[PDB]
Amino acid sequence: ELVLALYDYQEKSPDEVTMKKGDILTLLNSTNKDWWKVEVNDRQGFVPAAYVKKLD
């Protein structure tokens, strides 16, 4: 399942990942209402669910 970064997000903790607006990410875990685990290129970690949008 693919998602679109709606906004830039810079990582602020060791479970997080940095993404840039318009980036296309792989949705890994949408279990948490607030933080979704995504893959941005080679790196995986959590971003705000609200800053990404399911395409798929």
# chains A, B, ... in the order shown; residues from 1 in each chain; ligands from 1
>>> residues_around(residues="residue 12 in chain A", least_positions_apart="3", cutoff="12 Å", atoms="only C-alpha atoms", output="VMD selection string")
chain A and resid 9 15 to 19 45 to 48
>>> write_last_selection(atoms="N, CA, C and O atoms", output="PDB file, in the first residue's frame")
ATOM      1  N   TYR A   9       8.381  16.278   6.806  1.00  0.00           N
ATOM      2  CA  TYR A   9       8.446  15.921   8.205  1.00  0.00           C
ATOM      3  C   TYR A   9       9.850  15.472   8.489  1.00  0.00           C
ATOM      4  O   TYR A   9      10.297  14.488   7.896  1.00  0.00           O
ATOM      5  N   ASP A  15      12.595   6.369  16.595  1.00  0.00           N
ATOM      6  CA  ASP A  15      11.719   5.503  15.810  1.00  0.00           C
ATOM      7  C   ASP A  15      11.160   6.185  14.564  1.00  0.00           C
ATOM      8  O   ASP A  15      10.332   5.603  13.868  1.00  0.00           O
ATOM      9  N   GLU A  16      11.591   7.418  14.296  1.00  0.00           N
ATOM     10  CA  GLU A  16      10.939   8.251  13.269  1.00  0.00           C
ATOM     11  C   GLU A  16      11.701   8.228  11.985  1.00  0.00           C
ATOM     12  O   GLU A  16      12.822   7.729  11.942  1.00  0.00           O
ATOM     13  N   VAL A  17      11.080   8.753  10.942  1.00  0.00           N
ATOM     14  CA  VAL A  17      11.764   8.889   9.674  1.00  0.00           C
ATOM     15  C   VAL A  17      11.430  10.241   9.036  1.00  0.00           C
ATOM     16  O   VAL A  17      10.364  10.839   9.307  1.00  0.00           O
ATOM     17  N   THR A  18      12.372  10.723   8.222  1.00  0.00           N
ATOM     18  CA  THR A  18      12.286  12.015   7.579  1.00  0.00           C
ATOM     19  C   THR A  18      11.660  11.782   6.220  1.00  0.00           C
ATOM     20  O   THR A  18      11.991  10.816   5.532  1.00  0.00           O
ATOM     21  N   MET A  19      10.746  12.658   5.834  1.00  0.00           N
ATOM     22  CA  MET A  19      10.154  12.565   4.511  1.00  0.00           C
ATOM     23  C   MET A  19       9.976  13.978   3.981  1.00  0.00           C
ATOM     24  O   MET A  19       9.960  14.937   4.752  1.00  0.00           O
ATOM     25  N   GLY A  45      10.503   3.885   9.385  1.00  0.00           N
ATOM     26  CA  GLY A  45      10.236   4.484  10.673  1.00  0.00           C
ATOM     27  C   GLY A  45       8.895   5.188  10.607  1.00  0.00           C
ATOM     28  O   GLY A  45       8.239   5.128   9.582  1.00  0.00           O
ATOM     29  N   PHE A  46       8.501   5.857  11.689  1.00  0.00           N
ATOM     30  CA  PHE A  46       7.182   6.433  11.884  1.00  0.00           C
ATOM     31  C   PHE A  46       7.105   7.879  11.449  1.00  0.00           C
ATOM     32  O   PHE A  46       8.069   8.596  11.630  1.00  0.00           O
ATOM     33  N   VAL A  47       5.986   8.300  10.869  1.00  0.00           N
ATOM     34  CA  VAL A  47       5.711   9.692  10.526  1.00  0.00           C
ATOM     35  C   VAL A  47       4.288   9.935  11.027  1.00  0.00           C
ATOM     36  O   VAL A  47       3.560   8.969  11.283  1.00  0.00           O
ATOM     37  N   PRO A  48       3.882  11.210  11.181  1.00  0.00           N
ATOM     38  CA  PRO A  48       2.474  11.447  11.483  1.00  0.00           C
ATOM     39  C   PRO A  48       1.497  10.939  10.401  1.00  0.00           C
ATOM     40  O   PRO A  48       1.546  11.367   9.238  1.00  0.00           O
TER      41      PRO A  48
END
>>> select_by_dssp(residues="chain A", states="strand (DSSP E or B)", output="JSON, numbers by chain")
{"A": [2, 3, 4, 5, 9, 16, 19, 24, 25, 26, 27, 28, 29, 35, 36, 37, 38, 39, 40, 43, 44, 45, 46, 47, 48, 52, 53, 54]}
>>> closest_residue(among="A:23, A:14, A:6, A:51", to="residue 36 in chain A", atoms="only C-alpha atoms")
A:51
>>> closest_residue(among="A:21, A:2, A:26, A:13", to="residue 42 in chain A", atoms="only C-alpha atoms")
A:26
>>> atom_distance(atom1="CA of residue 28 in chain A", atom2="CA of residue 3 in chain A")
10.1 Å
